[PDB]
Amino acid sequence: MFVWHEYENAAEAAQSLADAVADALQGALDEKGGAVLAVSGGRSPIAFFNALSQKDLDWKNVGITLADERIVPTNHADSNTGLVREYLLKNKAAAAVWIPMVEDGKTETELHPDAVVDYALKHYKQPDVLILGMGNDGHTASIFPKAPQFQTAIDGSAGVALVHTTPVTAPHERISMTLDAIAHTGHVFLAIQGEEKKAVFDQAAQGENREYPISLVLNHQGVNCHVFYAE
């Protein structure tokens, strides 16, 4: 219940993911006149962001947001908002509508996780297209296996879209899409690079195990993840 795409060359993987994501966005724009794209942070998606930013889509009708965010000011080095502004919201995609996860202008002592989640929930729209990444621990979004909030993150009973998580093994409190939110996204992509991540992916692919949270997405009913891998 996933499709595997492998490349030798990172540049080709990035372009090929951009091409597929642009086509999925176009389908949403054709169907309903608007689209919402959620992206993940870190380094691995940057070349993809750059390629996607050049696509001649109707970006003014596309909302862009995050799958997860570090609860830090948006000018902080570890802000995914800052990441996305640097590498994606440029070229043709600069016209996209930003759907915030952390409020601009707030400093560290003004950012309290409960209030942050409440603010983010007020702006949240269900994505049409989501690009996930995966850590070496098998986590995805900020659904980290040792988070004390893990049971909340996987409880889809009330459809709640965003959850505060504490990674334990990585810095900063987080705001994450929930398993429910991911599972109900129409088009889900996963981008991963390197043999270490291919090995963890293959474990996760074996079946559901909360030790490798991406496994809960790969094995979820109704989810068909499009996986783009570069060595």
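The numbering used is simple: start at 1 and walk along the sequence shown.
- The stretch 102 to 110 shows the higher mean C-alpha B-factor when 150 to 158 is compared against 102 to 110 in the entry.
- As listed in the deposited structure, the average C-alpha B-factor of 188 to 196 and of 61 to 69 is greater for 188 to 196.
- The PDB entry gives the largest Cα B-factor of the residues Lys32, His172, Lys55, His164 to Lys32.
- Looking at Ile214, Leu17, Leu25, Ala10, the one whose CA carries the top B-factor in the deposited record is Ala10.
- Sort the modelled residues of the chain by CA B factor and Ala204 lands in the highest third.
- Sorting the modelled residues of the chain by their CA temperature factor places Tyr124 in the middle third.
- Among the modelled residues of its chain, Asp137 has a C-alpha B-factor that falls in the middle third according to the deposited record.
- Annotation for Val117: C-alpha temperature factor in the highest third relative to the rest of the modelled chain, per the entry.
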